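Q: Residue numbers (UniProt numbering), protein chains in the order written: chain A, 18 to 123; chain B, 2 to 62; chain C, 2 to 154; chain D, 2 to 398.
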Amino acid sequence: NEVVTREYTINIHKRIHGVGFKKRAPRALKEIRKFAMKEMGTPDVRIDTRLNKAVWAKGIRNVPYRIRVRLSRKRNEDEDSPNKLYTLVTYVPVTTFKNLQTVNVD
Amino acid sequence: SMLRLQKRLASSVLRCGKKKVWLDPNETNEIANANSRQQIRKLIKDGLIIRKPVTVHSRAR
Amino acid sequence: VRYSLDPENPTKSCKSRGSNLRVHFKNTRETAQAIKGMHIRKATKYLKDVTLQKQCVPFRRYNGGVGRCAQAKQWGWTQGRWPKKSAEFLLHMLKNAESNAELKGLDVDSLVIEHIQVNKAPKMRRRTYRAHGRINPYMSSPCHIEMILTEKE
Amino acid sequence: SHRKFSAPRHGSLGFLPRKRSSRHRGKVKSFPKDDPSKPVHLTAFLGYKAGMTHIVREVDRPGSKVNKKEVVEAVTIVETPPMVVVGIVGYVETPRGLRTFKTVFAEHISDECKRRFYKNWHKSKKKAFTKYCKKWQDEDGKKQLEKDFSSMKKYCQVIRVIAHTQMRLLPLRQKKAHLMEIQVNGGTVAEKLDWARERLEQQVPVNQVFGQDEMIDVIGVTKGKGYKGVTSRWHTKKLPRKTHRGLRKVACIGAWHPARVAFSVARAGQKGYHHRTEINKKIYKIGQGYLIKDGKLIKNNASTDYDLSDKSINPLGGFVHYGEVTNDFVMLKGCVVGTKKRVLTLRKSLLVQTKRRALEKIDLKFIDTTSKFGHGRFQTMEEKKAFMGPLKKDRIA
RNA sequence: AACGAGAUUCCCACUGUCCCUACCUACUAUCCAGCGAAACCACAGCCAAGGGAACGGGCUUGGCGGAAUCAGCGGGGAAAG
RNA sequence: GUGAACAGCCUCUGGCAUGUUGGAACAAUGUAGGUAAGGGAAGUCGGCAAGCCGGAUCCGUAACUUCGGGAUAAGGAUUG
RNA sequence: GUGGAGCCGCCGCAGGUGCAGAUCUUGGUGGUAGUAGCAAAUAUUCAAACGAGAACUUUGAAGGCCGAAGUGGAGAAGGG
Ligand SMILES: [Mg+2]
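1) Okay, do the stretch 54–65 of chain D and the stretch 379–388 of chain D touch, 3+ Cβ pairs below 8 Å being the bar?
2) Go through its chain and collect everything with a Cβ distance to D/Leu-43's Cβ below 7 Å, but skip five positions before and after it.
3) Between which residues of its own chain and D/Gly-188 is the CB-CB distance below 6 Å, once the five residues before and five after are set aside?
4) Please check the pair D/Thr-327 and D/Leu-170, which I expect to be a contact at CB under 8 Å, by giving their CB distance rounded to whole angstroms.
5) Tell me whether the stretch 215–223 of chain D and the stretch 263–279 of chain D touch, counting them as touching only if at least three CB pairs, one residue from each stretch, are closer than 8 Å.
6) Just how far apart, CA to CA, sit D/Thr-370 and D/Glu-325?
7) Relative to ligand 1, what is the chain-ordered list of residues with a Cβ closer than 5 Å to any of its non-hydrogen atoms?
8) Indicate the three-state DSSP secondary structure (helix, strand or coil) for A/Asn-100 in the structure shown.
9) For D/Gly-48 and D/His-165, I'd like the C-alpha separation in whole angstroms.
10) Just tell me which of D/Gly-255, D/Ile-110, D/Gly-335 and D/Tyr-156 has its CA closest to the CA of D/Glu-74.
11) Using 8 Å as the cut-off, can you tell me whether the stretch 56–68 of chain A makes contact with the stretch 98–111 of chain A, which would need three or more C-beta pairs spanning the two stretches below that distance?
12) How close, in whole Å, do the beta carbons of D/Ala-267 and D/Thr-237 come, if the pair is a contact with beta carbons under 8 Å?
13) At which residues does the beta strand (DSSP E) containing A/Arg-63 begin and terminate?
14) Taking D/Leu-240 as the reference, give the member of D/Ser-233, D/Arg-249 and D/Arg-24 with the closest Cα.
15) Quick check on B/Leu-10: does DSSP put it in helix, strand or coil?
16) May I have the straight-line CA-CA distance separating C/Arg-131 from C/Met-125, to the nearest angstrom?
17) Determine the burial state of D/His-376: buried for a count of at least 16 other Cβ atoms within 10 Å of its Cβ, exposed for fewer.
18) Can you give the Cα-Cα distance for D/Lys-312 and D/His-322, rounded to whole angstroms?
19) Name the DSSP beta bridge partners of D/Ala-164, please?
20) For C/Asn-21, which residues of its own chain have a beta-carbon under 7 Å away from its beta-carbon, when the five flanking residues on both sides are left out?
21) Tell me whether the beta-carbon of D/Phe-102 lies closer than 8 Å to the beta-carbon of D/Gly-88.
22) Any chance you could list the beta strand (DSSP E) runs of at least 3 consecutive residues sitting entirely within the stretch 5–44 of chain C, in chain order?
23) From the DSSP output, in three-state form, read off D/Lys-393 for me.
24) When the Cα of D/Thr-232 is compared with those of D/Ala-256, D/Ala-269 and D/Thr-244, which residue comes out closest?
25) Which partner residues of C/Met-140 appear in the DSSP bridge assignment?
26) Quick check on A/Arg-44: does DSSP put it in helix, strand or coil?
27) Tell me the DSSP bridge mates of D/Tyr-49?
28) Identify every run of the alpha helix (DSSP H) within the stretch 73–131 of chain C, keeping only runs that are complete inside it and at least 4 residues long; order them along the chain.
29) Using CA coordinates, which residue listed in C/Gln-75, C/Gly-65, C/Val-109 and C/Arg-23 is at the minimum distance from C/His-40?
30) Identify, in the order they occur along the chain, each residue of the same chain with its Cβ nearer than 7 Å to the Cβ of D/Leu-14, setting aside the five sequence neighbours on each side.
31) State yes or no: is the C-beta of D/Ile-314 within less than 8 Å of the C-beta of D/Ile-78?
32) Within a Cβ cutoff of 8 Å, which residues of the same chain sit near D/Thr-381, ignoring the five residues on either side of it in sequence?
33) Run through the DSSP bridge pairs and tell me what D/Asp-218 is partnered with.
34) For A/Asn-93, which beta-bridge partners are listed by DSSP?
Next comes the structure, spelled out in structure tokens:
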């Protein structure tokens with residue numbers, strides 16, 4: 018029932034590999050979802066528009082190899098699903114991924 | 002909440018294409034009320050429907 | 002109307018019927034032979050895991066070409082499948098049977114599914130277009146399904 | 002009718018049911034003959050193939066055109082941590098074949114043996130042998146436990162040994178012991194059986210079972226290739242380009258009047274993952290791995306009498322798809338059945354041979370531990386950074 | 001002579017046409033959710049030898065014969081049109 | 001825009017949602033697209049199929065002929 | 001047992017007088033079979049709104065294609 022928020026590195030280049038040239042960016046978001054439902058553990062995952070653009074910034078067949086995300090477990094309202102937690106997976110841009118590790122943010 | 006008619010009438014009265022129309026998607030139920038062209042020219046003036054200007058094709062190089 | 006095999010004690014039994022509804026006959030027949038004799042709160046929970054593909058439906062009779070899945074080992078079988086349109090039409094009717102039970106003044110904590118049968122409806126047709134100027138039918142095969150629920154005590 | 006041009010059979014009918022074999026660990030189909038006069042000894046051993054390198058050795062073979070020169074040979078190395086003997090099985094013979102007489106296991110068995118007896122170790126309560134250990138210590142269960150060795154000694158004629166592998170010593174993610182059952186072919190059965198009660202739950206190294214330049218056999222399960230077509234499963238000739246419906250197929254799969262597809266014809270199915278037994282694989286070296294911490298563990302593998310370096314047989318960068326060898330190992334000339342990280346049972350040969358190619362001594366002069374993860378050209382990291390010099394690696398100090 | 005999507009033989013260059021095959025890619029095939037035909041069909045379907053309308057799935061004498069099936073396959077059903 | 005070009009390829013105005021469905025997997029066999037060491041038609045009824053050659057500039061162009069041709073013959077060099 | 005308004009025996013009479021086949025006629029239904037298949041022209045993705053319900057609707061953003069002999073903008077014939 019937490020409301021905590023963490024920020025992660027995902028290398029997409031490892032998690033899509035041998036994926037075709039026209040399925041290469043569309044898989045790259047259903048591997049971000051399978052991360053966030055593994056990590057924050059909830060089936061309800063929302064990502065926002067500024068992270069869709071960051072993966073699709075180089076076409077389908079050229080995925081950026083690695084991205085820096087932050088994940089926000091929150092709760093819902095107004096006759097929600099029988100799960101009441103959801104994650105808003107949103108994007109923090111960075112210039113260099115070297116020595117970057119997953120910190121808990123406040 | 003079909004907005005096909007308001008999409009069609011706007012490009013007729015803005016003298017543009019259907020492609021270049023309408024940023025600000027928030028006022029949906031307000032502009033879904035307009036079903037005339039006389040109504041649709043009010044939404045232009047109140048700034049809810051814009052022109053969305055022309056894509057760049059620079060002859061610089 | 003009148004069903005197949007009136008129950009032995011109609012005071013403490015409930016019933017539903019659905020006629021002429023468009024599913025496939027063969028897949029609905031075999032998701033009903035899975036839940037025969039099964040308690041309602043187990044059947045309502047098992048039918049969710051068919052649509053969520055967590056627990057399958059063994060195809061025992063009409064099994065021509067039906068591929069194999071590992072979830073069919075619980076049923077002692079090899080072949081299995083997860084009909085979700087069929088698992089919703091006789092789950093939307095399994096609510097109707099427990100909707101009729103509380104109008105009859107019956108306890109739903111002990112309702113088991115004694116009798117359930119699926120049999121065919123008249124086939125409604127449309128036509129497809131094959132080589133050399135030929136017509137051949139896409140005949141649809143809907144079904145009449147029909148169920149008795151009984152308290153055990 | 003009379004093909005006009007004679008060709009031989011494609012494939013051998015001796016290996017016919019090209020089946021996924023029912024075992025991952027290789028079964029010893031037939032153990033070497035045992036005689037009472039010869040000392041008492043084990044006959045097989047479990048190992049895990051790690052990869053291949055090659056070698057440089059001084060050949061010694063009089064008469065050939067190679068004599069007294071250097072030859073490179075392709076060698077595979079198989080990491081074999083020492084086995085632990087756990088149980089003792091006797092076999093009495095019938096006129097219906099051998100039959101298991103009865104088995105006696107060790108007093109306290111290891112934890113990774115017990116992991117072999119479960120398909121779900123996590124959902125378990127680990128209750129195996131909890132009631133069988135108590136009979137070694139309760140005295141009523143103990144004076145009949147010594148009774149079952151005396152009836153073992155009296156009746157059954159061939160006895161074997163249940164041992165397992167120490168999977169704690171390997172870089173694999175497996176941790177289940179591979180539980181084998183191997184035959185002691187020594188003297189008479191009383192000395193053959195007192196030789197196993199003495200060494201229950203005690204380790205048996207590899208150099209005590211095998212020897213240097215002592216030719217053995219490799220038993221394994223082949224490289225599984227999947228469901229592959231006719232011209233790859235049987236190496237049948239492809240059809241010419243013009244062929245309608247298909248190129249890589251066998252054309253005539255039989256005559257008219259036998260009226261049935263014969264067993265002797267080539268067609269598509271599972272290629273690889275089959276049980277095969279190699280014959281006559283020579284051992285080059287029994288190395289021992291990564292000793293004491295008193296001064297240093299000492300890497301010191303692959304350092305022959307001409308090399309004299311602080312090398313170790315694990316190549317520069319670690320073995321591709323295997324890991325980094327810390328144990329006792331066996332190196333074998335030639336290709337060996339299986340992928341890397343695959344169990345394969347080494348075994349003494351049934352047949353006797355002299356043949357002047359077996360029974361010869363070998364002296365290694367070089368083992369390259371160059372990087373296999375590409376075209377390696379250096380061998381030890383000090384030999385690289387002596388040649389390479391300093392880099393941008395420090396850049397502060 | 002010129003000109004042939006005309007018939008033919010040889011030579012240079014070129015090459016997986018071949019020696020001798022191998023690997024990669026896309027769409028399938030495969031598995032699933034939904035939707036769903038037609039051809040054909042006496043009954044049906046394991047063999048050998050025999051006799052026979054002279055070449056049997058059935059008959060005779062032998063060999064033998066376990067539920068349900070999935071991917072292929074082209075021997076046969078003297079397969080179908 | 002490139003270019004000799006209403007060729008091909010890439011964008012703008014203006015359109016569209018991949019052509020009667022999606023999801024997962026990447027086996028055989030295919031259909032289409034490629035590469036190949038050494039040899040170079042030994043394959044085959046047959047060089048079928050595929051591959052070479054290919055633009056332009058400056059050179060240089062045979063037999064034969066109805067004196068028009070052949071002819072971008074052939075063969076060469078250069079290109080940012 | 002269903003069913004709900006007509007029907008039968010005997011003596012004579014009269015036929016459009018009795019089916020298993022006709023690659024029979026008309027109608028119905030199976031096995032095959034939940035199988036073949038829903039694969040020509042590169043491609044979709046994120047949020048939101050309406051909704052009982054959204055891979056497919058509308059909208060916003062991103063990514064793409066037709067690329068001026070078009071997947072653009074107007075007509076004749078035809079359709080009504
Ligand atoms: Mg044997």
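All C-beta atoms in this analysis are idealised placements derived from N, C-alpha and C, irrespective of residue type, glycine included.
A: Reading it off the structure:
1) When C-beta atoms of the stretch 54–65 of chain D are compared with those of the stretch 379–388 of chain D, fewer than three pairs fall below 8 Å, so the two segments do not count as touching.
2) On the fourth sequence, residue 43 of chain D is found 42 positions in, with the first residue counted as 1. Closer than 7 Å at the Cβ level, and outside the excluded window around D/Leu-43, lie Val-162, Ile-183, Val-185, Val-205 and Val-210.
3) Walking along the fourth sequence from the start, residue 188 of chain D turns up at place 187. Closer than 6 Å at Cβ, skipping near neighbours: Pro-37 and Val-41.
4) In the fourth sequence, residue 327 of chain D corresponds to position 326, counting from 1. In the fourth sequence, residue 170 of chain D corresponds to position 169, counting from 1. D/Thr-327 to D/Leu-170, Cβ: 7 Å. Contact.
5) At 8 Å Cβ cutoff, the stretches touch.
6) Taking the fourth sequence and counting its residues from 1, the one referred to as residue 370 of chain D is at position 369. Taking the fourth sequence and counting its residues from 1, the one referred to as residue 325 of chain D is at position 324. Rounded to whole angstroms, D/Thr-370 to D/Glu-325 spans 12 Å at the Cα level.
7) Result (chain order): D/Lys-30 and D/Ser-31.
8) Position 83 of the first sequence holds residue 100 of chain A. In this structure, A/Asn-100 counts as coil in the three-state DSSP scheme.
9) Looking up residue 48 of chain D in the fourth sequence gives position 47. Looking up residue 165 of chain D in the fourth sequence gives position 164. Near 11 Å, if we compare the C-alpha coordinates of D/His-165 and D/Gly-48.
10) Working through the fourth sequence from its first residue, we reach residue 74 of chain D at position 73. The residue with the shortest Cα to Cα distance from D/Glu-74 is D/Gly-335.
11) When C-beta atoms of the stretch 56–68 of chain A are compared with those of the stretch 98–111 of chain A, three or more pairs fall below 8 Å, so the two segments count as touching.
12) Counted from its first residue, the fourth sequence places residue 267 of chain D at position 266. Counted from its first residue, the fourth sequence places residue 237 of chain D at position 236. By a beta-carbon distance limit of 8 Å, D/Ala-267 contacts D/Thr-237. Their separation comes to about 5 Å.
13) As a first step, residue 63 of chain A is located in the first sequence; it is residue number 46 there, counting from the start. Judged by DSSP secondary structure, A/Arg-63 falls within the beta strand (DSSP E) whose first and last residues are 62–64.
14) Indexing the fourth sequence from 1 puts residue 240 of chain D at position 239. Looking at the Cα atoms, D/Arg-249 is the closest of the given residues.
15) On the second sequence, residue 10 of chain B is found 9 positions in, with the first residue counted as 1. Reduced to three states, the DSSP call for B/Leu-10 is helix.
16) Stepping through the third sequence from its first residue, residue 131 of chain C is reached at position 130. Stepping through the third sequence from its first residue, residue 125 of chain C is reached at position 124. A direct Cα-to-Cα measurement between C/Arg-131 and C/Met-125 gives close to 20 Å.
17) Residue 376 of chain D sits at position 375 when you count from the first residue of the fourth sequence. Of the other Cβ atoms in all chains shown, fewer than 16 fall within 10 Å of the Cβ of D/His-376; this residue is therefore exposed.
18) Along the fourth sequence, read from residue 1 onward, the residue named residue 312 of chain D stands at position 311. Along the fourth sequence, read from residue 1 onward, the residue named residue 322 of chain D stands at position 321. Whole-angstrom Cα-Cα distance: 21 Å.
19) Against the fourth sequence, residue 164 of chain D aligns to sequence position 163. For D/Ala-164, which the question treats as bridged, DSSP gives the partners D/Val-86 and D/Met-181.
20) In the third sequence, counting from the first residue as 1, residue 21 of chain C sits at position 20. Same-chain partners within the cutoff: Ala-122, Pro-143 and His-145.
21) Here residue 102 of chain D is taken as the residue at index 101 of the fourth sequence, counted from 1. Here residue 88 of chain D is taken as the residue at index 87 of the fourth sequence, counted from 1. The Cβ atoms of D/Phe-102 and D/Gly-88 do not sit closer than 8 Å to each other.
22) The stretch 5–44 of chain C is shown to contain whole beta strand (DSSP E) runs of 3 or more residues at 14–22, in chain order.
23) Taking the fourth sequence and counting its residues from 1, one reaches residue 393 of chain D at position 392. DSSP places D/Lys-393 outside both helix and strand once states are collapsed to three, so it counts as coil.
24) Sequence index remark: in the fourth sequence, residue 232 of chain D carries index 231 (1-based). Closest by alpha carbon: D/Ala-269.
25) In the third sequence, the residue the question calls residue 140 of chain C occupies position 139. Answer by DSSP bridge pairing, in chain order: C/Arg-126.
26) As a working mapping, residue 44 of chain A is identified with position 27 in the first sequence. In the structure shown, A/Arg-44 sits in a helix (DSSP, three-state: H, G or I).
27) Stepping through the fourth sequence from its first residue, residue 49 of chain D is reached at position 48. For D/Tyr-49, which the question treats as bridged, DSSP gives the partners D/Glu-80 and D/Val-344.
28) Listed in chain order, they are 87–90 and 95–102.
29) On the third sequence, position 39 is the one that residue 40 of chain C refers to. When only C-alpha atoms are compared, the closest one is C/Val-109.
30) As a first step, residue 14 of chain D must be located in the fourth sequence, where it is residue number 13. Cβ within range, chain order: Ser-265.
31) By 1-based counting over the fourth sequence, the position of residue 314 of chain D is 313. By 1-based counting over the fourth sequence, the position of residue 78 of chain D is 77. Taking a C-beta distance under 8 Å as the contact criterion, D/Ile-314 and D/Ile-78 qualify as a contact pair.
32) Residue mapping note: residue 381 of chain D aligns to position 380 of the fourth sequence, counting from 1. Taken in chain order, the residues that qualify are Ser-310, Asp-311, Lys-312, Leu-317 and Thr-370.
33) One-based indexing of the fourth sequence puts residue 218 of chain D at position 217. D/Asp-218 is bridged to D/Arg-348.
34) In the first sequence, the residue the question calls residue 93 of chain A occupies position 76. In DSSP, A/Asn-93 forms no bridge with anything.
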